[PDB]
Each structure stands twice: as C-alpha cells, then as structure tokens.
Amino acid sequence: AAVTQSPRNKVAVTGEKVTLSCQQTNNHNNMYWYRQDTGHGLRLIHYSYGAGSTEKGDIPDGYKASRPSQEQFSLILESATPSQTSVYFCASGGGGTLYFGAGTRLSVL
C-alpha cells in the first residue's frame, strides 16, 4: 500500500553500481533497508533517522546508503557481486508500528 520500491525487478552485472529507491507517503522520520534471504528472514543493512542520516544495520558491508528527502531512501551496491542477489525491502515507521513495501528481486551474475 504505502512505501513503493523502484526498480521492482532488476538483474545487474558483475562489478556495476546498483541503486534501489524506496519512496514513502506518510512523512516518517525513520526508514530501513533489509535483504531477505532464505532461512535468513529480513537481516537489516542500513537504517536512518531523517534527511541526512544513515546508520549501520547488522549486515552492512558492501552497501553504502543515503536519505536525501524525507520520503526517499536509497540503498547502493558499491560494486555488485553474485552474493548480493536477494530480495530486498524497506519500511518507514512512527514508533511501535512499521510499514513495508513489496520487494525488489535483485539477481547479479
């Protein structure tokens, strides 16, 4: 419903830069980037507390990030590599509640 991901599919090329966009409607301070793996659930990569802020999550090597607007939060693969392929989500959230979007299938060869 409330936190759109661009692109929605996307295969990329051993050694490119991929940039996934996460846009949201409710003007929440907080935003996060999780990669689902299998028998892994969502592990967190980077999060952020407003325009200008980004923090390490649990798996954070590889990926840079950046929150230029309120509404918009980008994850970035410094140099795409096979092992970064996954299904990637973000969320916004005021306090107790979270709000995800529907996944980005990234496949890298």
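Numbers follow the displayed sequence, beginning with 1.
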property	result
Mean Cα B-factor comparison, 50 to 58 or 79 to 87, giving the higher one as deposited	79 to 87
Position of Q70 among the chain's modelled residues by C-alpha B-factor, lowest, middle or highest third	middle
CA B-factor ranking of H28, expressed as a third of its chain	middle
Record-listed C-alpha B factor of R35: chain third	middle
